[PDB]
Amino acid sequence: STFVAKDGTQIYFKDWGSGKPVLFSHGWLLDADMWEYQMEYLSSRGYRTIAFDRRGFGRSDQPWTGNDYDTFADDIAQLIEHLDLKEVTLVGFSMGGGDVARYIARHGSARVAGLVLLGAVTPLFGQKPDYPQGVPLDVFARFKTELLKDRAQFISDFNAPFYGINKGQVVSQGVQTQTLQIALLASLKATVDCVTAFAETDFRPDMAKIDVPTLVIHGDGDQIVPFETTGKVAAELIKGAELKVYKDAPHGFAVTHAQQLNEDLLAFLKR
């Protein structure tokens, strides 16, 4: 399905099943397909599942402008309004934890029942003057330099640390190929601008606006988004939040720990 955002951008989404809605926001490089197994799992158990391709990714249009978290959050607001969703459980992976958090911060929680943050960049990813424990901006400047030379090989090399294959996680060649295929659909411009967005955007003000039941899940083997300065902190900053830590799990744990995640999502929903 599609809708058209404020600035004319057509955004692809899937809307499966019936019942209480669960809206998924994917990570960097990926698209709505990264959620296919969670969507099938929950929609065959009485939930409605909705997942969109972020602007510049997957099957959506690729605008030059608006590749920033305020726009991403308003794109989510527009999808929610397009479908007239109510009592939504928002679920964000990696950089997509930021746009579901920013949506609550900008739009409030009247339509929201709950929030799930998976390996998310919340509450802050890159260093700031009062956050020297964050990831040095040097690191993200280098992502951008490498992407602007050869984004295809960058994505391919990123599979190993993303999935923890260099630390004994087992992921098939097929999954690695699908990840690269999906990533290559995206815009080079959006891909690079997202680096700016997740490197530098501070969601700590957002944490204080989250007034719904919240579950944070994160792998403590995560080589991309360090658990100790993101998920661990987000769980403390959000009032009432629950934390689950998947032992030695990588960033790409919706694949390596799919069954565990499916069961944890269902239990959160049934709380």
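So that there is no doubt, residue numbering starts at 1 and follows the sequence shown.
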Looking only at C-alpha temperature factors in the entry, 129 to 137 or 149 to 157, the higher average sits in 129 to 137
Which wins on mean Cα temperature factor, 25 to 33 or 237 to 245?
237 to 245
Sort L185, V116, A105, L188 by C-alpha B-factor from the entry and give me just the highest.
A105
Residue set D53, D206, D68, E40, per-entry CA B-factor max assigned to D206
Taking the C-alpha B-factors as the PDB entry records them, is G58 in the lowest, middle or highest third of its chain?
lowest
In terms of the CA temperature factor given in the entry, to which third of its chain does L215 belong: lowest, middle or highest?
middle
Position of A197 among the chain's modelled residues by C-alpha B-factor, lowest, middle or highest third
lowest
Within-chain third of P123 by Cα B-factor, per the entry
middle
Assert third(CA B-factor, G97) within chain per record equals lowest
